[PDB]
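Starting off, we have a lone chain in the form deposited in one PDB entry, written out as structure tokens.
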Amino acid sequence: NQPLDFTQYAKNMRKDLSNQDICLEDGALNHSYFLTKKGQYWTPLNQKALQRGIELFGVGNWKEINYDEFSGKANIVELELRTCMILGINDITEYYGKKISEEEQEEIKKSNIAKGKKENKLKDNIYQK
């Protein structure tokens, strides 16, 4: 018979016994977590968490949004680092204290990408001003 090819077999084991943060869909190693150090990966649960938490709460102050959050692996510096991409712009000083829903956030993200492409200075989705 077949000598137990290991791809789908390992996929089934990762479905069964491995951690939920290592396998996505049916079978995937989730390489984005084995190249980053332990405790800091920003799971899709965290992504949706801050995506739903940037609204209905005062932006700028991340202590008050982290008090009602997990209060775990949610350090502030990662929050200001990864909220920039949701905005699309590195600078946040002009975008303090105002709340914008997710679809308009994606709209202004696309607008920032387009203006960076037209201004031929984009550096991997990141626009500087």
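Residues that one form lacks are left out of the comparison. Residues carry their position along the shown sequence, with the first being 1. Under this definition, the rigid core comprises the largest set of C-alpha atoms superposing within 1.5 Å between the forms.
What comes next is about the form deposited in another entry, which is not displayed.
Trainee: In a fit on the core, which one among 29, 81, 49, 100 has a Cα that moves 2 Å or more between the shown form and the other one?
Mentor: Spelled out, the residue whose C-alpha shifts by 2 Å or more is 100.
Trainee: When the rigid core is used for the superposition, does residue 72 move between the shown form and the other one (threshold: C-alpha shift of 2 Å or more)?
Mentor: Residue 72 C-alpha, core-superposed: shift of 2 Å or more.
Trainee: Taking the shown form as reference, are the C-alpha positions of residue 70 and residue 84 brought closer or pushed farther apart in that other deposited form, with a change of 3 Å or more?
Mentor: They are closer; the C-alpha distance drops by 3 Å or more in that other deposited form.
Trainee: Give me the stretches of at least three consecutive residues whose Cα atoms move by 2 Å or more between the shown form and the other one once the core is superposed.
Mentor: After superposition, residues 69-73, 100-103 shift as runs.
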